[PDB]
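Taken in order, these protein sequences are the chains called D, C, D', C', F, H and A. A prime marks a further copy of an entry chain.
Quick note, the first sequence lines up with residues 2 to 182 if you use the deposited numbering.
Quick note, the second sequence lines up with residues 2 to 182 if you use the deposited numbering.
Quick note, the third sequence lines up with residues 2 to 182 if you use the deposited numbering.
Quick note, the fourth sequence lines up with residues 2 to 182 if you use the deposited numbering.
Quick note, the fifth sequence lines up with residues 4 to 148 if you use the deposited numbering.
Quick note, the sixth sequence lines up with residues 3 to 8, 14 to 55, 62 to 145 if you use the deposited numbering.
Quick note, the seventh sequence lines up with residues 260 to 311 if you use the deposited numbering.
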Amino acid sequence: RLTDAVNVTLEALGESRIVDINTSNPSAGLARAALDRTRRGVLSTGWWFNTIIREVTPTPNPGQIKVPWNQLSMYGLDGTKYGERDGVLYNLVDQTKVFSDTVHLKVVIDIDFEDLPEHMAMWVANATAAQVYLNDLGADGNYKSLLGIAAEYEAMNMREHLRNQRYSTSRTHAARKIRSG
Amino acid sequence: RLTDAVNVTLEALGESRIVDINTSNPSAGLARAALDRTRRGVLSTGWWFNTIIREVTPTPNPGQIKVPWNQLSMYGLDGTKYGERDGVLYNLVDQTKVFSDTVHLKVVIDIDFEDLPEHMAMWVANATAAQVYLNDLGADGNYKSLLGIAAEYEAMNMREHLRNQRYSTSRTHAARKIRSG
Amino acid sequence: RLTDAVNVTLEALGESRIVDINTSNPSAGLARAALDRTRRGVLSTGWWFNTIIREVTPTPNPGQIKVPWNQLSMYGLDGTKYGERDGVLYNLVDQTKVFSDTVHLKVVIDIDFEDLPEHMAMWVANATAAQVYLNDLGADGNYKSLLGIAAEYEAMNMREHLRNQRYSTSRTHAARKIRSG
Amino acid sequence: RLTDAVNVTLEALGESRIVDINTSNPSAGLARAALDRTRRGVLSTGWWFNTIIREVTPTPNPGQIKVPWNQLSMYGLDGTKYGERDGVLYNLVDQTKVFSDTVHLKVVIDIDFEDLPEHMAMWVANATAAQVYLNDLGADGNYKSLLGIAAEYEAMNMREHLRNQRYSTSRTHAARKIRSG
Amino acid sequence: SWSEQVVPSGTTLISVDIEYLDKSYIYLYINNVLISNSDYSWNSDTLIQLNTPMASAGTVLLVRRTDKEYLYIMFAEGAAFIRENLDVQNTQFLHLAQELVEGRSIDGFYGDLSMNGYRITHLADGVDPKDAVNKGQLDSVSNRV
Amino acid sequence: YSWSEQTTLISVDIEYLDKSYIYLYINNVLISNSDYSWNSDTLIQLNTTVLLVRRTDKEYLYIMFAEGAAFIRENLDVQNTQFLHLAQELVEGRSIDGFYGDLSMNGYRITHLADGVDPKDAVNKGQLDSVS
Amino acid sequence: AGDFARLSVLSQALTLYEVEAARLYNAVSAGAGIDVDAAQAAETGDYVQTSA
């Protein structure tokens, strides 16, 4: 799949497609690096296949917490802001690395390009191709067409995310519905 | 039919169309690659030909659930996020591959280019031709005309999809009909 | 009639007309192929001379059904979606090829270019000529004029289809009319 | 990550990206300087990762109060204007460096480019690339596209900042809630 | 390479998801008992219908075993060396490696195995004198002595 | 031939088709690839015992051929190398992690068994003799 | 009889139109840039970032 994305990027430029990924082609590595950068930038916001709610307790007597997973963003369920310094948990506002009690937080992990949904992968590949074309051959009609294709795949990814995450009116209607029962 | 779409893309470029299957000197391989990528991207969203796994009860010893190989997108019927990892079902929010209960999921599969409805096939072929033309010959009036033709074929595909799935008002009016009887 | 359509396509380009169809002219076969592609694409939607309502029962003990006719689209009168795999009937949602009971369906057959109404044939021929001109000599005023002629013949075909298929207010007015009798 | 942003700026200029850290002949030093300047300017305003000096009681003998070295902006919690002079707290309206009572001040610190959230880092990198492109290759459509990308990343950064700091209505509605109980 | 599931009693349609190269490469097991090919038929590419419905609920197993007799595509006798031919030929080997890795294709070892200081976990109780034994049956001997 | 066992720089002498195919183990603990970087093709530098295990993926073909694509002689060699390496880790015994049938090893004894603690584990006679 | 039949048809159409009107759902535009993940909760009047 990654080879297909790199081939899409090369097709956008008009160069020759590759059949062996991790080759010595100068533009092959460029496509992979651009794809990785775009993927990390776009998965930073929470999606249905990135956000996991976990709670980690300091294993020793109250001290540091080594953050697991390949985290991209790290929100705190409690009223504290969390960071990631030297691979361990860090309190951004308190400027401390040692925690006393267990912390509950929602972490946005990173997903490899081989194991993400089809629509999201297509969006990432086409955005990378559009960015590479803009940087290489300049901004023209081809750039706008590639941006349009990327936007269509973005709409498809948004539709998938909204379908798999049921976002209905179930926040305050619970109070007005449990009372009728 | 695949050779017909490759010839469509070749005609869009103004080159002479081929008859022999995938034994041509000119760079018609880009047409095939773009066709495959566009077909996967378009079929990623749910259409009227997509399967369902009504109930797959896992065996407690392995704990893993197999998914169709040609799957593109998966939506849990209940409120669970699902995805593929190493060809088996995966829990995005739990980051686990094992399951103890039944799963009801809706899965979107991929279809070969000789096995899909005529309107969708024509839309995919015209989109591939437009993308290849944008990559190679630039963005001129021909690209706009090809985009318009692809949009018309997409509209026809939407008409067919709405015809096959009768999306009338039969969700909340069922309560009124039951009340009337 | 097909030779006349090919001559129209050649006239649009400005080349020499042919008097013997199935010749060795490189552009003669191109015109026929484009005409066939346009015809198959445009007849996919139901018309008055394409849609026939038929019911086919599995001939042996419940098994496969070999689909007859030169089908283009295949809608199901019942609440099931039908396909066409390996020349036999196929249930798109159930992923099965064996049927137990008789199936009622509306099939859109394909019509050869020698045996279709005059307006529809003119529309197909002019659309093919416009597409060929766009692919060959680029998008210009001639392309827009050819598109306008094709649109006029499309309007004529729509008028013929609406005239031969009486589409009046006879859906719910039957309930309000039989009661007055 | 710093080399990744330097490569982003190099790609924006169309040059070949580097791998070795700060051992390159081409003028990529401008990229680093612009990145540092842009990061300082952007972080100058208060964001969700900024420290607070709740209470620093000065010793009467020296009279001066130390401030963090990596500070960028300081706001007194009370009604006093504060600033830095020779690395210590300074009274702007009084033009004095000595203090006799406690000070409650909010201070904005600077963050290394390998220690800040992904969205803010991408925004800084894209802004640096846009500035370098404007300086070197002029103001063309590429500059506008880079500015748009930077604006999108800034919007994502604002989304993250609003997520981390729950800015609901809990300032004057507290009185009403207390009245209700 | 294979799939196992528990189906309710009275089920005749079995849906396969294994990407096979031939229909004869799919083996159907009911309650760890091999089912003869004459007892079921392929309604479609991904659907198996049993001739007789299952009397009681049981586990359905769908092991695939690639036929490693001869090369699927023989190039010297007519193969054109095209994309799909090479793809299928390499797919045969890829599938074979898959079933070999899954570990359901090895029946025995004709040599002295060496676990190299690693436990053979989850070993079932022996039934025959030549079978190996686990620590569970050593508990009875410890208790009796 | 497929695994290597041996404080900041680690050498990689075993061949591979991709960098991500190599898993690094420290005291039988897996380390995510985000915790180290590849200085070269024969050097791994950690961020702050050493066992390297190769595991080529068996779900996709490493080299996919496409109609109308550039072809070189080395493509077939790499494609064959994929299966060759897969068989290599199959032989070395570090790939198979269990069995789903009954082993029928005929008159051969298994050596070097660790003492089980869960009573479902196998047992060596180093404990049987002690019990006896 | 005809007036009753017309009244019945009109009443059925009115019922269908009322069912259609009772339908409630919020459409989200991806190009707008609204933070849907934070706008969905809202309720108490939070500050949700939007690019509109």
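For each residue, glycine too, the CB sits at the ideal point set by N, CA and C.
For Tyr83 (chain D), the enclosing beta strand (DSSP E) stretches over residues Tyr83 to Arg86. Shown here for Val19 (chain H): same chain residues with a beta carbon closer than 8 Å to its own, the five before and five after excluded, namely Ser6, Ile29, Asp48, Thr49, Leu50, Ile51 and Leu65 in chain order.
Interface residue (Cβ-Cβ distance to chain C less than 8 Å): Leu266 (chain A) is not classified as such. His162 (chain D) sits buried, since 16 or more C-beta atoms from the chains shown fall within 10 Å of its C-beta.
Here the alpha carbons of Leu74 (chain H) and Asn93 (chain F) stand approximately 8 Å from one another. Partner residues in the beta bridge of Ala135 (chain H), as assigned by DSSP, are F:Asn137. For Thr62 (chain F), the nearest beta carbon of chain C is closer than 8 Å to its own beta carbon. Non-local C-beta neighbours of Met123 (chain C') in its own chain, meaning closer than 7 Å and more than five positions away in sequence, comprise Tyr154, ordered along the chain. Just so you know, the alpha carbons of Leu135 (chain D) and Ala151 (chain D) end up roughly 14 Å apart.
Following the DSSP letters along the chain, one finds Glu115 (chain D) in no beta strand (DSSP E), marked with neither H nor E.
Using a Cβ-Cβ cut-off of 8 Å, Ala128 (chain C') does not count as an interface residue toward chain D, since no Cβ of chain D sits closer than that to its own.
With a contact defined as Cβ atoms closer than 8 Å, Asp111 (chain C') and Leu73 (chain C') qualify at about 5 Å. Between the C-alpha atoms of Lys67 (chain D') and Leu93 (chain D') there is a straight-line separation of about 15 Å. Within the same chain, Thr103 and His105 come within 7 Å of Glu56 (chain C) by CB-CB distance, once the 5 residues on both sides are set aside.
Taking every protein chain shown into account, the CB of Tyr121 (chain H) has fewer than 16 other CB atoms within 10 angstroms, so this residue is exposed. With contacts defined as CB atoms closer than 8 Å, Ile85 (chain F) and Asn26 (chain C) fail to qualify as a contacting pair. By the criterion of a C-beta distance shorter than 6 Å, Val109 (chain C) is surrounded in its chain by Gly47, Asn51, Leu73 and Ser74, once the five residues flanking it on both sides are discounted.
For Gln72 (chain D), the enclosing beta strand (DSSP E) begins and ends at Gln72 to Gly77.
Taking a beta-carbon distance threshold of 8 Å, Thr52 (chain C') counts as an interface residue toward chain D. Under the three-state reduction of DSSP, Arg67 (chain F) is assigned to strand. No residue range can be given for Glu56 (chain C), since it is assigned to no alpha helix (DSSP H) and is classified by DSSP as neither H nor E.
Here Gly84 (chain D') is buried: its Cβ has 16 or more other Cβ atoms, across all protein chains shown, within 10 Å. Residue-level contact by beta carbon fails for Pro59 (chain C) and chain D', as no gap is shorter than 8 Å.
At a cut-off of 8 Å, the C-beta of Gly129 (chain F) has no neighbouring C-beta in chain H. Less than 8 Å divides the Cβ of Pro63 (chain D') from the Cβ of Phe100 (chain D'). Contact with chain D is absent for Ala100 (chain H), since none of that chain's Cβ atoms lies less than 8 Å from the residue's Cβ. Residue-level contact by beta carbon fails for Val307 (chain A) and chain D, as no gap is shorter than 8 Å. Leaving aside the five residues that flank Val133 (chain D') on each side, the residues in its chain whose CB is nearer than 8 Å to its CB run, in chain order, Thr10, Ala13, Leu14, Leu31, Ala32 and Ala35. Within the same chain, Cβ atoms closer than 8 Å to the Cβ of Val89 (chain C') are found at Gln65, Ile66, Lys67, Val68 and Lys98, the five residues on either side in sequence being excluded. Contacts with chain A (Cβ-Cβ distance below 9 Å) from the stretch 165-181 of chain D' involve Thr173, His174, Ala176, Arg177, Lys178, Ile179, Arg180 and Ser181, listed in chain order. A direct Cα-Cα distance of roughly 23 Å separates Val136 (chain F) from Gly106 (chain H). Neighbours of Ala156 (chain D) across chain A, judged by C-beta separation under 9 Å: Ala289 and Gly290. Looking from the CA of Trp49 (chain C), the closest CA among C:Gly142, C:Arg164 and C:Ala175 belongs to C:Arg164.
Counting along the chain, no alpha helix (DSSP H) covers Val89 (chain C); the unbroken beta strand (DSSP E) around it starts and ends at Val89 to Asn92. For the pair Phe78 (chain H) and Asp25 (chain F), the CB atoms are not nearer than the 8 Å cut-off.
The Cβ atoms of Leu126 (chain F) and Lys133 (chain H) lie closer than 8 Å to each other.
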